[PDB]
file entry.cif (mmCIF, C-alpha atoms and all ligand atoms)
data_start
loop_
_atom_site.label_atom_id
_atom_site.label_comp_id
_atom_site.auth_asym_id
_atom_site.auth_seq_id
_atom_site.Cartn_x
_atom_site.Cartn_y
_atom_site.Cartn_z
CA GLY A 1 227.81 112.18 0.61
CA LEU A 2 229.23 112.45 4.20
CA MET A 3 225.68 113.51 5.41
CA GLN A 4 224.02 110.66 7.42
CA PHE A 5 220.58 110.85 9.05
CA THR A 6 220.73 110.17 12.81
CA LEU A 7 217.81 109.45 15.13
CA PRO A 8 217.48 109.98 18.87
CA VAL A 9 218.81 107.01 20.93
CA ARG A 10 215.36 105.46 21.67
CA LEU A 11 214.42 105.48 17.92
CA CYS A 12 217.97 104.47 16.82
CA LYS A 13 217.49 101.25 18.95
CA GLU A 14 213.73 100.52 18.56
CA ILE A 15 213.75 101.11 14.71
CA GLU A 16 215.70 97.79 14.33
CA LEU A 17 212.87 95.85 16.07
CA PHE A 18 209.90 94.50 14.04
CA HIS A 19 207.31 96.00 16.48
CA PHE A 20 208.59 99.63 16.15
CA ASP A 21 205.80 102.29 15.88
CA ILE A 22 206.97 105.34 13.81
CA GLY A 23 205.14 107.73 16.21
CA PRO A 24 202.71 110.67 15.80
CA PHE A 25 205.26 113.31 14.57
CA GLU A 26 204.62 113.30 10.76
CA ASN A 27 207.64 115.60 10.05
CA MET A 28 210.02 112.82 11.30
CA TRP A 29 208.61 110.09 8.92
CA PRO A 30 210.67 111.20 5.83
CA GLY A 31 213.94 111.22 7.84
CA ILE A 32 213.07 107.76 9.31
CA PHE A 33 212.60 106.38 5.73
CA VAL A 34 215.89 107.98 4.52
CA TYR A 35 217.63 106.48 7.63
CA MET A 36 216.25 103.02 6.69
CA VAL A 37 217.34 103.40 2.99
CA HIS A 38 220.92 104.41 4.08
CA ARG A 39 221.41 101.42 6.50
CA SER A 40 219.56 98.88 4.25
CA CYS A 41 221.05 99.93 0.91
CA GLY A 42 223.93 102.45 1.35
CA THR A 43 224.40 106.28 1.54
CA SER A 44 225.23 106.01 -2.24
CA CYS A 45 222.03 104.08 -3.34
CA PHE A 46 220.20 107.36 -4.27
CA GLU A 47 221.04 111.09 -4.82
CA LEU A 48 219.68 112.64 -1.54
CA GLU A 49 218.43 115.73 -3.61
CA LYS A 50 216.31 113.29 -5.79
CA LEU A 51 215.32 110.89 -2.92
CA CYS A 52 213.95 113.82 -0.76
CA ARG A 53 212.02 115.16 -3.81
CA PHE A 54 210.65 111.62 -4.57
CA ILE A 55 209.60 111.16 -0.86
CA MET A 56 207.75 114.54 -0.76
CA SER A 57 205.90 113.89 -4.09
CA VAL A 58 204.83 110.39 -2.79
CA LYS A 59 203.68 111.92 0.55
CA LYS A 60 201.60 114.53 -1.37
CA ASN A 61 199.87 111.76 -3.47
CA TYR A 62 198.59 109.89 -0.31
CA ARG A 63 195.16 111.18 0.86
CA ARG A 64 193.74 112.09 4.32
CA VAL A 65 191.86 108.77 4.80
CA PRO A 66 191.70 107.05 8.24
CA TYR A 67 194.10 104.13 7.46
CA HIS A 68 195.36 103.94 3.78
CA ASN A 69 197.48 107.07 4.36
CA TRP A 70 201.11 108.27 4.44
CA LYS A 71 201.63 106.82 7.98
CA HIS A 72 200.64 103.35 6.58
CA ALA A 73 203.16 103.80 3.68
CA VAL A 74 206.02 104.43 6.15
CA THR A 75 204.83 101.72 8.61
CA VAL A 76 204.87 99.08 5.77
CA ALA A 77 208.35 100.26 4.60
CA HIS A 78 209.69 99.91 8.18
CA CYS A 79 208.46 96.25 8.37
CA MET A 80 210.28 95.56 5.03
CA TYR A 81 213.42 97.31 6.46
CA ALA A 82 213.32 95.00 9.55
CA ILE A 83 212.86 91.90 7.28
CA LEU A 84 215.78 92.92 4.97
CA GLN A 85 218.10 93.78 7.92
CA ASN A 86 217.46 90.36 9.63
CA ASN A 87 218.08 88.57 6.21
CA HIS A 88 221.25 90.50 5.12
CA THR A 89 222.67 88.02 2.51
CA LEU A 90 219.44 86.67 0.85
CA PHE A 91 218.70 89.84 -1.26
CA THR A 92 220.51 91.55 -4.18
CA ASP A 93 221.39 95.31 -4.16
CA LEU A 94 218.50 95.90 -6.68
CA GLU A 95 215.90 94.08 -4.47
CA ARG A 96 216.81 96.11 -1.31
CA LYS A 97 216.52 99.39 -3.39
CA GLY A 98 213.27 98.27 -5.11
CA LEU A 99 211.34 96.82 -2.11
CA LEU A 100 211.61 99.85 0.30
CA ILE A 101 210.37 102.08 -2.59
CA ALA A 102 207.65 99.49 -3.45
CA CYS A 103 206.47 99.58 0.22
CA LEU A 104 206.46 103.41 0.39
CA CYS A 105 204.44 103.53 -2.92
CA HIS A 106 202.19 100.43 -2.54
CA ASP A 107 198.97 102.36 -1.62
CA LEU A 108 199.61 105.65 -3.58
CA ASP A 109 196.35 107.68 -4.13
CA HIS A 110 194.19 105.17 -2.19
CA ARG A 111 190.63 106.55 -1.74
CA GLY A 112 189.70 104.36 1.33
CA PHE A 113 187.64 101.83 -0.77
CA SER A 114 188.19 98.17 -1.76
CA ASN A 115 188.42 96.85 -5.35
CA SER A 116 184.85 95.41 -4.72
CA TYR A 117 183.38 98.89 -3.97
CA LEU A 118 185.04 100.36 -7.16
CA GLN A 119 183.36 97.54 -9.22
CA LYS A 120 179.87 97.92 -7.62
CA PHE A 121 180.16 101.76 -7.95
CA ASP A 122 181.34 101.24 -11.59
CA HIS A 123 184.35 103.57 -11.05
CA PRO A 124 186.42 104.42 -14.18
CA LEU A 125 189.54 102.66 -12.65
CA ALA A 126 187.46 99.36 -12.66
CA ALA A 127 187.06 99.72 -16.51
CA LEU A 128 190.81 100.49 -16.91
CA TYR A 129 191.93 97.53 -14.62
CA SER A 130 189.52 94.52 -14.25
CA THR A 131 191.62 92.79 -11.50
CA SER A 132 193.86 94.17 -8.74
CA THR A 133 192.17 97.53 -9.64
CA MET A 134 193.68 99.80 -6.93
CA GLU A 135 197.04 97.93 -7.01
CA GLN A 136 197.52 98.61 -10.78
CA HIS A 137 196.59 102.27 -10.00
CA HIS A 138 199.26 102.41 -7.22
CA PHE A 139 201.99 101.17 -9.62
CA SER A 140 200.77 103.67 -12.33
CA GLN A 141 201.06 106.57 -9.79
CA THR A 142 204.53 105.24 -8.78
CA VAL A 143 205.74 105.31 -12.45
CA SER A 144 204.21 108.86 -12.97
CA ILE A 145 206.08 110.29 -9.91
CA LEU A 146 209.37 108.60 -11.10
CA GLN A 147 208.98 110.56 -14.45
CA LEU A 148 208.53 114.08 -12.89
CA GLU A 149 211.67 116.19 -13.70
CA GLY A 150 214.22 115.64 -10.83
CA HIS A 151 212.38 112.59 -9.27
CA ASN A 152 214.16 109.69 -11.09
CA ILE A 153 215.97 108.13 -8.06
CA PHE A 154 217.01 105.23 -10.41
CA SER A 155 218.68 107.46 -13.14
CA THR A 156 222.19 106.03 -12.28
CA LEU A 157 221.15 102.33 -12.79
CA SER A 158 221.94 100.83 -16.25
CA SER A 159 219.03 100.42 -18.76
CA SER A 160 218.62 96.67 -17.79
CA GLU A 161 218.93 97.17 -13.96
CA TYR A 162 216.33 100.00 -14.37
CA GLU A 163 213.93 97.53 -16.10
CA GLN A 164 214.63 94.84 -13.39
CA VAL A 165 213.88 97.28 -10.45
CA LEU A 166 210.58 98.60 -12.04
CA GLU A 167 209.59 94.93 -12.58
CA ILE A 168 210.37 94.09 -8.89
CA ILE A 169 208.25 97.12 -7.78
CA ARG A 170 205.32 96.15 -10.11
CA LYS A 171 205.13 92.51 -8.87
CA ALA A 172 205.69 93.76 -5.27
CA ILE A 173 202.76 96.29 -5.46
CA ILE A 174 200.39 93.85 -7.32
CA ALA A 175 201.13 91.21 -4.57
CA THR A 176 199.61 93.62 -1.94
CA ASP A 177 196.20 92.61 -3.50
CA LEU A 178 195.04 90.38 -0.61
CA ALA A 179 192.88 88.34 -3.10
CA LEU A 180 196.17 87.05 -4.67
CA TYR A 181 197.79 86.27 -1.23
CA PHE A 182 195.82 82.97 -0.54
CA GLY A 183 197.00 81.13 -3.69
CA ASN A 184 200.53 82.61 -3.39
CA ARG A 185 200.91 81.26 0.21
CA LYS A 186 199.34 77.82 -0.65
CA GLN A 187 201.92 77.45 -3.48
CA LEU A 188 204.85 78.52 -1.18
CA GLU A 189 203.50 76.06 1.49
CA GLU A 190 203.52 73.06 -0.99
CA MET A 191 206.97 74.10 -2.43
CA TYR A 192 208.50 74.34 1.09
CA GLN A 193 206.98 71.02 2.35
CA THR A 194 207.77 68.87 -0.79
CA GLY A 195 211.26 70.54 -0.61
CA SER A 196 211.23 72.13 -4.13
CA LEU A 197 211.53 75.78 -2.83
CA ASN A 198 214.57 77.31 -4.67
CA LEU A 199 215.57 81.02 -4.18
CA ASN A 200 217.77 80.93 -7.39
CA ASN A 201 214.51 80.20 -9.32
CA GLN A 202 213.16 83.72 -10.23
CA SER A 203 209.44 82.57 -10.22
CA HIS A 204 210.12 81.35 -6.60
CA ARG A 205 211.76 84.64 -5.43
CA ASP A 206 208.77 86.50 -6.94
CA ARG A 207 206.43 84.32 -4.77
CA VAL A 208 208.64 84.87 -1.64
CA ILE A 209 208.78 88.68 -2.23
CA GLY A 210 204.95 88.68 -2.65
CA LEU A 211 204.56 87.00 0.78
CA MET A 212 207.03 89.54 2.34
CA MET A 213 204.76 92.32 0.89
CA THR A 214 201.64 90.74 2.42
CA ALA A 215 203.50 90.39 5.79
CA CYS A 216 204.68 94.09 5.77
CA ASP A 217 201.19 95.20 4.60
CA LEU A 218 199.46 93.33 7.50
CA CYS A 219 202.11 94.44 10.09
CA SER A 220 199.35 96.26 12.14
CA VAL A 221 198.76 92.78 13.75
CA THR A 222 202.50 92.30 14.75
CA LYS A 223 202.74 95.44 16.99
CA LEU A 224 202.24 95.69 20.78
CA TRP A 225 198.60 95.34 21.84
CA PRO A 226 197.83 99.10 22.28
CA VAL A 227 199.16 99.96 18.72
CA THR A 228 197.27 96.93 17.21
CA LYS A 229 194.01 97.93 19.01
CA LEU A 230 194.24 101.65 18.02
CA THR A 231 195.18 100.81 14.37
CA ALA A 232 192.12 98.43 14.17
CA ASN A 233 189.91 101.54 14.86
CA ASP A 234 191.41 103.34 11.80
CA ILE A 235 190.91 100.23 9.62
CA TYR A 236 187.25 99.82 10.76
CA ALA A 237 186.64 103.59 10.23
CA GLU A 238 187.45 103.10 6.48
CA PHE A 239 185.54 99.77 6.27
CA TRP A 240 182.35 101.21 7.89
CA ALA A 241 182.47 104.32 5.59
CA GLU A 242 182.65 101.85 2.61
CA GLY A 243 179.71 99.91 4.18
CA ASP A 244 177.74 103.20 4.36
CA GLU A 245 178.52 103.81 0.62
CA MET A 246 177.34 100.24 -0.22
CA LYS A 247 173.98 101.02 1.53
CA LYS A 248 173.79 104.20 -0.63
CA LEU A 249 174.09 101.94 -3.76
CA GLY A 250 171.24 99.76 -2.25
CA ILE A 251 173.60 96.83 -1.39
CA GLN A 252 173.69 95.37 2.17
CA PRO A 253 177.43 95.37 2.99
CA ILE A 254 179.29 92.33 4.43
CA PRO A 255 179.20 92.57 8.29
CA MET A 256 182.97 93.48 8.35
CA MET A 257 181.90 96.86 6.81
CA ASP A 258 178.50 97.30 8.56
CA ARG A 259 178.90 99.73 11.51
CA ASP A 260 175.63 98.26 12.97
CA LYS A 261 177.59 94.96 13.61
CA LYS A 262 180.45 96.51 15.75
CA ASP A 263 179.60 93.87 18.46
CA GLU A 264 180.92 91.11 16.06
CA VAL A 265 184.43 92.75 15.69
CA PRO A 266 186.28 90.59 18.27
CA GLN A 267 184.97 87.34 16.60
CA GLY A 268 185.74 88.86 13.13
CA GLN A 269 189.36 89.55 14.31
CA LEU A 270 189.76 85.84 15.38
CA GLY A 271 188.71 84.79 11.80
CA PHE A 272 191.25 87.25 10.29
CA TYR A 273 194.18 86.07 12.53
CA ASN A 274 193.31 82.37 11.84
CA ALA A 275 192.41 82.65 8.10
CA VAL A 276 195.04 85.30 7.05
CA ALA A 277 197.64 86.68 9.55
CA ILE A 278 198.83 83.44 11.35
CA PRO A 279 199.21 81.42 8.09
CA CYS A 280 201.03 84.41 6.46
CA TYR A 281 203.70 84.86 9.20
CA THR A 282 203.95 81.00 9.70
CA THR A 283 204.84 80.39 6.00
CA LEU A 284 207.09 83.51 6.13
CA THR A 285 208.88 82.14 9.28
CA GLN A 286 209.34 78.72 7.55
CA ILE A 287 211.09 80.40 4.51
CA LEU A 288 212.96 83.21 6.42
CA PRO A 289 213.60 81.93 9.94
CA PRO A 290 214.72 85.30 11.40
CA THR A 291 211.17 86.82 10.77
CA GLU A 292 209.86 84.69 13.72
CA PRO A 293 209.29 87.77 15.97
CA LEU A 294 206.45 88.82 13.52
CA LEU A 295 204.76 85.36 14.07
CA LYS A 296 205.28 85.58 17.89
CA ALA A 297 203.78 89.16 18.01
CA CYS A 298 200.82 88.01 15.82
CA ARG A 299 200.01 85.04 18.16
CA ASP A 300 200.26 87.44 21.19
CA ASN A 301 197.61 89.75 19.57
CA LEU A 302 195.38 86.75 18.63
CA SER A 303 195.49 85.83 22.37
CA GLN A 304 194.58 89.49 23.30
CA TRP A 305 191.46 89.34 20.99
CA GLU A 306 190.47 86.00 22.62
CA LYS A 307 190.60 87.90 26.00
CA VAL A 308 188.35 90.70 24.61
CA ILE A 309 185.72 88.02 23.67
CA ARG A 310 185.91 86.34 27.15
CA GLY A 311 184.75 89.73 28.65
CA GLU A 312 188.25 90.20 30.32
CA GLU A 313 188.65 93.43 28.17
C1 LIG B 1 194.18 93.90 11.82
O1 LIG B 1 193.12 94.81 11.54
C2 LIG B 1 192.01 94.34 10.89
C3 LIG B 1 190.83 95.12 11.04
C4 LIG B 1 189.67 94.68 10.38
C5 LIG B 1 189.65 93.53 9.58
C6 LIG B 1 188.37 93.04 8.91
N1 LIG B 1 188.23 91.57 9.04
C7 LIG B 1 187.82 90.92 10.26
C8 LIG B 1 186.29 90.88 10.40
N2 LIG B 1 185.76 91.76 11.23
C9 LIG B 1 184.37 91.80 11.43
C10 LIG B 1 183.78 92.80 12.26
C11 LIG B 1 182.39 92.80 12.47
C12 LIG B 1 181.59 91.79 11.88
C13 LIG B 1 182.16 90.81 11.06
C14 LIG B 1 183.54 90.79 10.82
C15 LIG B 1 184.18 89.74 9.96
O2 LIG B 1 183.63 88.70 9.54
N3 LIG B 1 185.54 89.97 9.63
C16 LIG B 1 188.55 90.65 8.03
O3 LIG B 1 189.36 91.04 7.15
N4 LIG B 1 187.95 89.36 8.08
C17 LIG B 1 188.36 88.25 7.28
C18 LIG B 1 188.91 88.50 5.98
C19 LIG B 1 189.32 87.46 5.16
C20 LIG B 1 189.19 86.12 5.59
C21 LIG B 1 189.61 85.00 4.72
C22 LIG B 1 188.64 85.87 6.86
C23 LIG B 1 188.22 86.91 7.71
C24 LIG B 1 190.81 92.79 9.44
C25 LIG B 1 191.99 93.19 10.08
MG MG B 2 196.63 98.26 -0.91
ZN ZN B 3 198.66 98.72 2.33
#

call {"tool": "encode", "arguments": {"input": "entry.cif", "output": "structure tokens"}}
result
Amino acid sequence: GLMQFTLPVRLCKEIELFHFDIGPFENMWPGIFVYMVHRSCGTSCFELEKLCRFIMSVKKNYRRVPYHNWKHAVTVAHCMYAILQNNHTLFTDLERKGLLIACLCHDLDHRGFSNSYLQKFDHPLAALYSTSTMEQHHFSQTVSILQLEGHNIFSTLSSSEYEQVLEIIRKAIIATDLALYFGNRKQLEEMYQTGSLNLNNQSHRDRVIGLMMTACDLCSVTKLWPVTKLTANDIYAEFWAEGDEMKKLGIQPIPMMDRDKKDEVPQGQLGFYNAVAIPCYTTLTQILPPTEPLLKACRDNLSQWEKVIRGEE
């Protein structure tokens, strides 16, 4: 109860900034998450005995893939922490609790393959879940781990609060399906412009939380150039392995996943920043003004990719 987590000075200061990198020491990532839960939520939010056992079961159910791994889980939860801390009064006690856990769990048991590859392969999960295939799997795995003896970090919520938090986590994890992001952001764009956006409207909050999830999930592009550049290698390592597996099924992959088209990566990154990242953090900045540093960092990295193309690196 009187047992805080403390970080070294540099981490204690940098963890509050959006562009924080959690570092290469895996054994510090659980403590960093607990630290973020305590400052975001309270030292009372969760029984430390149960939280620590939940964290270690979640860690175990992430795989050793190049990008969709335990480091990504903690990276995405830190972005959510930074968003929640810079928007103190806009979120209920349940939402702060739910969303850090949703972020930690959002890619549970990822295999390093897209929903598309599962459908072309004809993977059992694609029969069980026809849309948002992996994302419905991630929420399933989350629920399973919550029901292991000693892992129910929500036990002390009331029956109705318990149902509200699981519902927040389900919508939050489904929203990480990038296919659903485009429509969600177009709707939020119209609602903000015509002036009908209303955060006391539950359907509206849902939409806003979904965009927050997309923004935390894409946060690779809001780091300092050397983190962004080195993370892009891990992402392409998964994508090119999936492209290889497509070729094995006798399907030419999209160039994004074809390791023979590495030359086209800089131009492919421009398309991604312009079609996905910039719009995401722009709409997010419009709704939650204090998330502007994410948009600023994203534009900086766009500019760095433009320099790669112009031969300057
Ligand atoms: C931040 O890290 C990242 C690393 C990789 C990626 C992969 N990526 C960029 C990309 N890279 C290529 C590479 C080679 C050849 C061709 C391409 C190509 O056409 N796309 C996308 O997601 N593109 C995209 C997706 C959706 C829309 C709507 C528009 C564009 C994205 C982000
Ligand atoms: Mg995912
Ligand atoms: Zn993710």

call {"tool": "residues_around", "arguments": {"input": "entry.cif", "residues": "residue A:276", "least_positions_apart": "2", "cutoff": "10 Å", "atoms": "all atoms listed in the file", "output": "ChimeraX atom specification"}}
result
/A:178,181-182,185,214-215,218,270-274,278-281

call {"tool": "residues_around", "arguments": {"input": "entry.cif", "residues": "residue A:110", "least_positions_apart": "4", "cutoff": "10 Å", "atoms": "all atoms listed in the file", "output": "ChimeraX atom specification"}}
result
/A:61-65,67-69,106,114,134-135,137-138

call {"tool": "residues_around", "arguments": {"input": "entry.cif", "residues": "residue A:148", "least_positions_apart": "4", "cutoff": "9 Å", "atoms": "all atoms listed in the file", "output": "PyMOL selection string"}}
result
chain A and resi 54+144+152

call {"tool": "write_last_selection", "arguments": {"input": "entry.cif", "atoms": "C-alpha atoms", "output": "short mmCIF file (atom, residue, chain, number, x, y, z; two decimals), in the coordinates of the input"}}
result
data_model
loop_
_atom_site.label_atom_id
_atom_site.label_comp_id
_atom_site.auth_asym_id
_atom_site.auth_seq_id
_atom_site.Cartn_x
_atom_site.Cartn_y
_atom_site.Cartn_z
CA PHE A 54 210.65 111.62 -4.57
CA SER A 144 204.21 108.86 -12.97
CA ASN A 152 214.16 109.69 -11.09
#

call {"tool": "residues_near_ligand", "arguments": {"input": "entry.cif", "ligand": "ligand LIG 1 (chain B)", "cutoff": "10 Å", "atoms": "only C-alpha atoms and all ligand atoms", "output": "PDB file with C-alpha atoms, in the coordinates of the input"}}
result
ATOM      1  CA  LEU A 178     195.040  90.380  -0.610  1.00  0.00           C
ATOM      2  CA  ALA A 179     192.880  88.340  -3.100  1.00  0.00           C
ATOM      3  CA  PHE A 182     195.820  82.970  -0.540  1.00  0.00           C
ATOM      4  CA  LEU A 218     199.460  93.330   7.500  1.00  0.00           C
ATOM      5  CA  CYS A 219     202.110  94.440  10.090  1.00  0.00           C
ATOM      6  CA  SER A 220     199.350  96.260  12.140  1.00  0.00           C
ATOM      7  CA  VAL A 221     198.760  92.780  13.750  1.00  0.00           C
ATOM      8  CA  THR A 222     202.500  92.300  14.750  1.00  0.00           C
ATOM      9  CA  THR A 228     197.270  96.930  17.210  1.00  0.00           C
ATOM     10  CA  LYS A 229     194.010  97.930  19.010  1.00  0.00           C
ATOM     11  CA  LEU A 230     194.240 101.650  18.020  1.00  0.00           C
ATOM     12  CA  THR A 231     195.180 100.810  14.370  1.00  0.00           C
ATOM     13  CA  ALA A 232     192.120  98.430  14.170  1.00  0.00           C
ATOM     14  CA  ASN A 233     189.910 101.540  14.860  1.00  0.00           C
ATOM     15  CA  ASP A 234     191.410 103.340  11.800  1.00  0.00           C
ATOM     16  CA  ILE A 235     190.910 100.230   9.620  1.00  0.00           C
ATOM     17  CA  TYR A 236     187.250  99.820  10.760  1.00  0.00           C
ATOM     18  CA  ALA A 237     186.640 103.590  10.230  1.00  0.00           C
ATOM     19  CA  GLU A 238     187.450 103.100   6.480  1.00  0.00           C
ATOM     20  CA  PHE A 239     185.540  99.770   6.270  1.00  0.00           C
ATOM     21  CA  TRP A 240     182.350 101.210   7.890  1.00  0.00           C
ATOM     22  CA  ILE A 254     179.290  92.330   4.430  1.00  0.00           C
ATOM     23  CA  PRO A 255     179.200  92.570   8.290  1.00  0.00           C
ATOM     24  CA  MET A 256     182.970  93.480   8.350  1.00  0.00           C
ATOM     25  CA  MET A 257     181.900  96.860   6.810  1.00  0.00           C
ATOM     26  CA  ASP A 258     178.500  97.300   8.560  1.00  0.00           C
ATOM     27  CA  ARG A 259     178.900  99.730  11.510  1.00  0.00           C
ATOM     28  CA  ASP A 260     175.630  98.260  12.970  1.00  0.00           C
ATOM     29  CA  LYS A 261     177.590  94.960  13.610  1.00  0.00           C
ATOM     30  CA  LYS A 262     180.450  96.510  15.750  1.00  0.00           C
ATOM     31  CA  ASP A 263     179.600  93.870  18.460  1.00  0.00           C
ATOM     32  CA  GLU A 264     180.920  91.110  16.060  1.00  0.00           C
ATOM     33  CA  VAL A 265     184.430  92.750  15.690  1.00  0.00           C
ATOM     34  CA  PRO A 266     186.280  90.590  18.270  1.00  0.00           C
ATOM     35  CA  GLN A 267     184.970  87.340  16.600  1.00  0.00           C
ATOM     36  CA  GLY A 268     185.740  88.860  13.130  1.00  0.00           C
ATOM     37  CA  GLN A 269     189.360  89.550  14.310  1.00  0.00           C
ATOM     38  CA  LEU A 270     189.760  85.840  15.380  1.00  0.00           C
ATOM     39  CA  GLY A 271     188.710  84.790  11.800  1.00  0.00           C
ATOM     40  CA  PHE A 272     191.250  87.250  10.290  1.00  0.00           C
ATOM     41  CA  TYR A 273     194.180  86.070  12.530  1.00  0.00           C
ATOM     42  CA  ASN A 274     193.310  82.370  11.840  1.00  0.00           C
ATOM     43  CA  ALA A 275     192.410  82.650   8.100  1.00  0.00           C
ATOM     44  CA  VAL A 276     195.040  85.300   7.050  1.00  0.00           C
ATOM     45  CA  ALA A 277     197.640  86.680   9.550  1.00  0.00           C
ATOM     46  CA  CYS A 298     200.820  88.010  15.820  1.00  0.00           C
ATOM     47  CA  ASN A 301     197.610  89.750  19.570  1.00  0.00           C
ATOM     48  CA  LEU A 302     195.380  86.750  18.630  1.00  0.00           C
TER      49      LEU A 302
END

call {"tool": "residues_around", "arguments": {"input": "entry.cif", "residues": "residue A:87", "least_positions_apart": "3", "cutoff": "8 Å", "atoms": "all atoms listed in the file", "output": "PyMOL selection string"}}
result
chain A and resi 83-84+90-91+288+290

call {"tool": "atom_distance", "arguments": {"input": "entry.cif", "atom1": "atom CA of residue A:112", "atom2": "atom CA of residue A:299"}}
result
27.6 Å

call {"tool": "closest_residue", "arguments": {"input": "entry.cif", "among": "A:97, A:50, A:39, A:204", "to": "residue A:164", "atoms": "only C-alpha atoms"}}
result
A:97

call {"tool": "residues_around", "arguments": {"input": "entry.cif", "residues": "residue A:217", "least_positions_apart": "3", "cutoff": "9 Å", "atoms": "all atoms listed in the file", "output": "PyMOL selection string"}}
result
chain A and resi 72-73+75-77+79+103+106+176+212-214+220

call {"tool": "closest_residue", "arguments": {"input": "entry.cif", "among": "A:163, A:177, A:153, A:100", "to": "residue A:136", "atoms": "only C-alpha atoms"}}
result
A:177

call {"tool": "closest_residue", "arguments": {"input": "entry.cif", "among": "A:17, A:34, A:52, A:104", "to": "residue A:297", "atoms": "only C-alpha atoms"}}
result
A:17

call {"tool": "closest_residue", "arguments": {"input": "entry.cif", "among": "A:313, A:107, A:122, A:26", "to": "residue A:225", "atoms": "all atoms listed in the file"}}
result
A:313

call {"tool": "closest_residue", "arguments": {"input": "entry.cif", "among": "A:211, A:126, A:309, A:252", "to": "residue A:285", "atoms": "all atoms listed in the file"}}
result
A:211

call {"tool": "atom_distance", "arguments": {"input": "entry.cif", "atom1": "atom CA of residue A:30", "atom2": "atom CA of residue A:44"}}
result
17.4 Å

call {"tool": "atom_distance", "arguments": {"input": "entry.cif", "atom1": "atom CA of residue A:189", "atom2": "atom CA of residue A:206"}}
result
14.4 Å

call {"tool": "closest_residue", "arguments": {"input": "entry.cif", "among": "A:13, A:38, A:71, A:53", "to": "ligand ZN 3 (chain B)", "atoms": "only C-alpha atoms and all ligand atoms"}}
result
A:71

call {"tool": "build_atoms", "arguments": {"input": "entry.cif", "residues": "stretch 302-313 of chain A", "atoms": "N, CA, C and O atoms", "output": "short mmCIF file (atom, residue, chain, number, x, y, z; two decimals), keeping the file's coordinate frame"}}
result
data_model
loop_
_atom_site.label_atom_id
_atom_site.label_comp_id
_atom_site.auth_asym_id
_atom_site.auth_seq_id
_atom_site.Cartn_x
_atom_site.Cartn_y
_atom_site.Cartn_z
N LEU A 302 196.51 87.72 18.70
CA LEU A 302 195.38 86.75 18.63
C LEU A 302 194.88 86.50 20.06
O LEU A 302 193.68 86.64 20.33
N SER A 303 195.81 86.16 20.95
CA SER A 303 195.49 85.83 22.37
C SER A 303 194.81 87.04 23.03
O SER A 303 193.83 86.82 23.73
N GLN A 304 195.24 88.27 22.77
CA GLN A 304 194.58 89.49 23.30
C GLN A 304 193.13 89.60 22.82
O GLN A 304 192.28 90.03 23.63
N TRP A 305 192.84 89.31 21.54
CA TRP A 305 191.46 89.34 20.99
C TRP A 305 190.61 88.24 21.64
O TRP A 305 189.41 88.49 21.89
N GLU A 306 191.19 87.08 21.89
CA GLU A 306 190.47 86.00 22.62
C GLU A 306 190.03 86.53 23.99
O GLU A 306 188.87 86.29 24.37
N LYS A 307 190.90 87.27 24.69
CA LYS A 307 190.60 87.90 26.00
C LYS A 307 189.49 88.93 25.86
O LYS A 307 188.66 89.00 26.75
N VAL A 308 189.46 89.72 24.79
CA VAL A 308 188.35 90.70 24.61
C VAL A 308 187.04 89.91 24.61
O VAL A 308 186.12 90.29 25.34
N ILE A 309 186.97 88.82 23.84
CA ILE A 309 185.72 88.02 23.67
C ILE A 309 185.28 87.50 25.03
O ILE A 309 184.08 87.64 25.35
N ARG A 310 186.20 86.92 25.81
CA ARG A 310 185.91 86.34 27.15
C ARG A 310 185.65 87.45 28.19
O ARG A 310 185.90 87.20 29.38
N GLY A 311 185.19 88.64 27.77
CA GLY A 311 184.75 89.73 28.65
C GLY A 311 185.89 90.38 29.44
O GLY A 311 185.63 91.46 29.99
N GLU A 312 187.09 89.78 29.48
CA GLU A 312 188.25 90.20 30.32
C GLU A 312 188.83 91.55 29.85
O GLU A 312 189.69 92.09 30.58
N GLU A 313 188.43 92.04 28.66
CA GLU A 313 188.65 93.43 28.17
C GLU A 313 187.86 93.64 26.87
O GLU A 313 187.45 94.76 26.52
#
